[PDB]
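Working notes, beginning with the structure itself.
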Amino acid sequence: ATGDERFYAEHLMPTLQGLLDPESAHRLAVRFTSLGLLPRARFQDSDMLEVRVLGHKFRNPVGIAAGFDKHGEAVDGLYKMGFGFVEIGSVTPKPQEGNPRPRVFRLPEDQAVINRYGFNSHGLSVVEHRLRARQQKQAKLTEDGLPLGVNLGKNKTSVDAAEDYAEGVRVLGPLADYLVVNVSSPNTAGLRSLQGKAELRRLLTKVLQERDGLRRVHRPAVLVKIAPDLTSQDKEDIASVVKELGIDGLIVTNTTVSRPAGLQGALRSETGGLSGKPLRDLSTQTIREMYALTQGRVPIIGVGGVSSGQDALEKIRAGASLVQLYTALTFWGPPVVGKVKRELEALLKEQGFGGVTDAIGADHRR
Ligand SMILES: Cc1cc2nc3c(=O)[nH]c(=O)nc-3n(C[C@H](O)[C@H](O)[C@H](O)COP(=O)(O)O)c2cc1C
Ligand SMILES: C/C(=C\COC(=O)C(C)C)CC/C(C)=C/Cc1c(O)c(Cl)c(C)c(C=O)c1O
Ligand SMILES: O=C(O)c1cc(=O)[nH]c(=O)[nH]1
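Letter by letter, the sequence shown follows residues 31 to 396 of PDB author numbering.
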């Protein structure tokens with residue numbers, strides 16, 4: 031490990047977290063990232079890390095999860111940090127404020143965060159114009175193996191959820207390599223009920239019809255992002271609908287409304303979704319389940335508690351073609367990205383994989 035990893039993780043990040051409230055810290059991180067003030071990313075991506083999935087090349091399989099760059103303000107800075115792909119959002123159709131502050135909480139003793147942002151969003155129009163300002167730059171980045179995802183949400187007061195997602199497809203679909211139908215936020219009343227069979231089939235049929243209506247060059251993959259808190263029945267139903275409709279992939283998982291035994295943080299009983307280390311294995315097991323239920327035929331982006339190459343490889347072997355992280359970045363800072371990639375490469379070599387692709391779903395073949 032480099033000196034930068036150690037300096038950020040042991041000294042700089044904990045010191046700055048001691049000085050700044052969580053949401054102020056988030057806002058500054060977005061600002062710093064957008065301005066390119068981040069440290070120099072030393073790690074040069076080897077060919078072993080390249081993945082071809084969702085109609086795209088990914089230079090490396092480590093992405094930034096939704097919720098960091100909600101409004102598409104820091105996309106280029108995130109690629110500079112060494113992410114293989116960037117997901118922005120969630121974006122709602124109309125601007126909305128989200129929940130009252132405070133609404134994000136650190137659990138340092140658990141290496142976890144709880145948030146109840148409630149889809150604070152600049153709205154589709156603002157994000158559309160922000161992405162349009164760099165659309166050709168993104169086209170080159172995508173061609174270079176650096177794709178962009180856009181995660182779509184719904185407004186608090188909307189009377190037609192499916193129409194909110196349809197609007198998102200129409201407005202941001204033409205600017206995205208993939209879209210995410212986020213039906214798994216724990217912070218919007220009734221949202222997770224859209225994961226149910228009948229509601230999901232009707233919602234996703236409408237989303238896919240809208241996507242299919244876009245011009246070929248502007249036609250994104252469509253993925254559904256699911257909760258870690260689903261029943262076995264819920265998961266079976268989602269798998270069935272995904273296969274019936276030809277949904278392009280799954281993002282597994284969002285934050286958990288569970289509070290695993292053993293959390294130590296003083297703020298453990300705050301309302302919201304829990305992320306970071308306590309979510310890690312719940313997410314990995316959900317990936318494993320969804321891979322098996324879809325016969326390994328549906329690409330999965332694995333997310334929840336990834337902080338190391340081992341964490342990444344466990345999700346890949348469970349069935350993820352790509353992984354994302356967020357909470358680890360908040361604790362260990364920008365050097366965590368290079369750390370995960372370097373460790374992942376080393377472990378792939380150690381376990382006799384030719385590359386990431388060879389390891390996808392490997393546990394199921396043991
Ligand atoms: C502060 C915060 C805000 C988030 N906002 C969103 C969001 O807007 N949309 C979304 O799909 N997921 C959101 N997430 C969930 C992350 O994308 C990810 O699924 C989850 O945090 C698990 O990954 P992690 O343990 O690496 O953070 C958010 C997570 C956090 C911690
Ligand atoms: C600009 C700062 C550190 C530099 O590191 C970064 O920019 C990384 C996090 C992208 C200081 C602000 C801090 C300590 C941010 C860490 C942090 C946080 O402490 C918390 Cl709680 C959250 C929710 C976020 C969301 O991104 C977060 O980034
Ligand atoms: O905006 C939020 O509250 C949010 C959305 C989401 O999908 N997941 C999450 O943990 N928080």
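From the three backbone atoms N, C-alpha and C, an ideal C-beta is built for every residue, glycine too.
What residues match up with residue i in a beta bridge as DSSP calls it?
{"i": "residue 126", "result": "151"}
{"i": "residue 142", "result": "137 and 306"}
{"i": "residue 82", "result": "87"}
{"i": "residue 286", "result": "304"}
{"i": "residue 208", "result": "179 and 251"}
{"i": "residue 68", "result": "DSSP output for residue 68 lists no bridge partner at all."}
{"i": "residue 256", "result": "282"}
{"i": "residue 346", "result": "Looking at the DSSP assignment, residue 346 forms no beta bridge with any residue, so it has no partner."}
{"i": "residue 352", "result": "331"}
{"i": "residue 60", "result": "Partner(s): none; residue 60 has no beta bridge."}
Taking only the alpha-carbon atoms, compute the straight-line gap between residue i and residue j and give it to the nearest angstrom.
{"i": "residue 132", "j": "residue 102", "result": "23 angstroms"}
{"i": "residue 38", "j": "residue 164", "result": "31 angstroms"}
{"i": "residue 375", "j": "residue 200", "result": "38 angstroms"}
{"i": "residue 222", "j": "residue 216", "result": "7 angstroms"}
{"i": "residue 229", "j": "residue 258", "result": "19 angstroms"}
{"i": "residue 349", "j": "residue 356", "result": "20 angstroms"}
{"i": "residue 171", "j": "residue 177", "result": "7 angstroms"}
{"i": "residue 315", "j": "residue 169", "result": "35 angstroms"}
{"i": "residue 305", "j": "residue 334", "result": "6 angstroms"}
{"i": "residue 137", "j": "residue 298", "result": "7 angstroms"}
{"i": "residue 53", "j": "residue 46", "result": "13 angstroms"}
{"i": "residue 194", "j": "residue 362", "result": "36 angstroms"}
{"i": "residue 241", "j": "residue 203", "result": "7 angstroms"}
{"i": "residue 183", "j": "residue 253", "result": "13 angstroms"}
{"i": "residue 18", "j": "residue 317", "result": "Shown here, the chain extends from 31 to 396; a query on residue 18 therefore has no answer."}
{"i": "residue 187", "j": "residue 128", "result": "11 angstroms"}
{"i": "residue 366", "j": "residue 260", "result": "30 angstroms"}
{"i": "residue 64", "j": "residue 370", "result": "22 angstroms"}
{"i": "residue 389", "j": "residue 312", "result": "20 angstroms"}
{"i": "residue 307", "j": "residue 166", "result": "37 angstroms"}
{"i": "residue 154", "j": "residue 384", "result": "41 angstroms"}
{"i": "residue 66", "j": "residue 270", "result": "43 angstroms"}
{"i": "residue 151", "j": "residue 56", "result": "14 angstroms"}
{"i": "residue 141", "j": "residue 322", "result": "30 angstroms"}
{"i": "residue 368", "j": "residue 33", "result": "12 angstroms"}
{"i": "residue 42", "j": "residue 36", "result": "9 angstroms"}
{"i": "residue 233", "j": "residue 209", "result": "14 angstroms"}
{"i": "residue 100", "j": "residue 121", "result": "7 angstroms"}
{"i": "residue 245", "j": "residue 309", "result": "39 angstroms"}
{"i": "residue 82", "j": "residue 147", "result": "33 angstroms"}
{"i": "residue 75", "j": "residue 196", "result": "36 angstroms"}
{"i": "residue 69", "j": "residue 58", "result": "15 angstroms"}
{"i": "residue 282", "j": "residue 332", "result": "5 angstroms"}
{"i": "residue 378", "j": "residue 48", "result": "37 angstroms"}
{"i": "residue 51", "j": "residue 302", "result": "17 angstroms"}
{"i": "residue 185", "j": "residue 130", "result": "16 angstroms"}
{"i": "residue 342", "j": "residue 380", "result": "15 angstroms"}
{"i": "residue 290", "j": "residue 251", "result": "34 angstroms"}
{"i": "residue 243", "j": "residue 206", "result": "15 angstroms"}
Compare the Cα-Cα distances from residue i to each of the options and report the closest residue.
{"i": "residue 60", "options": "94, 78, 227 and 343", "result": "94"}
{"i": "residue 218", "options": "368, 269, 340 and 126", "result": "126"}
{"i": "residue 256", "options": "240, 273, 224 and 90", "result": "224"}
{"i": "residue 119", "options": "344, 271, 180 and 245", "result": "180"}
{"i": "residue 144", "options": "275, 55, 65 and 300", "result": "300"}
{"i": "residue 339", "options": "287, 321, 194 and 358", "result": "358"}
{"i": "residue 71", "options": "388, 385, 122 and 364", "result": "364"}
{"i": "residue 189", "options": "207, 220 and 209", "result": "220"}
{"i": "residue 387", "options": "372, 57, 79 and 74", "result": "79"}
{"i": "residue 174", "options": "114, 210, 123 and 152", "result": "114"}
{"i": "residue 198", "options": "55, 237, 226 and 166", "result": "237"}
{"i": "residue 157", "options": "117, 192, 135 and 140", "result": "117"}
{"i": "residue 110", "options": "73, 100 and 84", "result": "73"}
{"i": "residue 277", "options": "283, 289 and 239", "result": "239"}
{"i": "residue 272", "options": "84, 249, 185 and 227", "result": "227"}
{"i": "residue 191", "options": "235, 40, 139 and 206", "result": "235"}
{"i": "residue 212", "options": "84, 344, 285 and 247", "result": "285"}
{"i": "residue 84", "options": "139, 123, 360 and 249", "result": "249"}
{"i": "residue 124", "options": "149, 139 and 134", "result": "149"}
Between residue i and ligand 4, is there a pair consisting of the residue's CB and a ligand heavy atom that are separated by less than 7 angstroms?
{"i": "residue 128", "result": "In the structure shown, ligand 4 is absent; the only ligands present are ligand 1, ligand 2 and ligand 3."}
Please output, in chain order, the residues near ligand 2 using a CB cut-off of less than 6 angstroms to any non-hydrogen atom of the ligand. 43, 46, 47, 50, 52, 55, 56, 58, 59, 62, 63, 98, 134, 136, 143, 359, 360, 363 and 364
Taking one C-beta from the region 326 to 333 and one from the region 289 to 304 each time, how about it: are there three or more such pairs within less than 8 angstroms? no
Flag this pair as touching only if the region 257 to 273 and the region 96 to 115 have three or more C-beta atom pairs under 8 angstroms; answer yes or no. no
Under 8 angstroms: do the region 149 to 161 and the region 82 to 94 share three or more Cβ pairs, one atom per stretch? no
Could you tell me whether the region 381 to 396 touches the region 341 to 348, where touching means 3 or more Cβ pairs closer than 8 angstroms? yes
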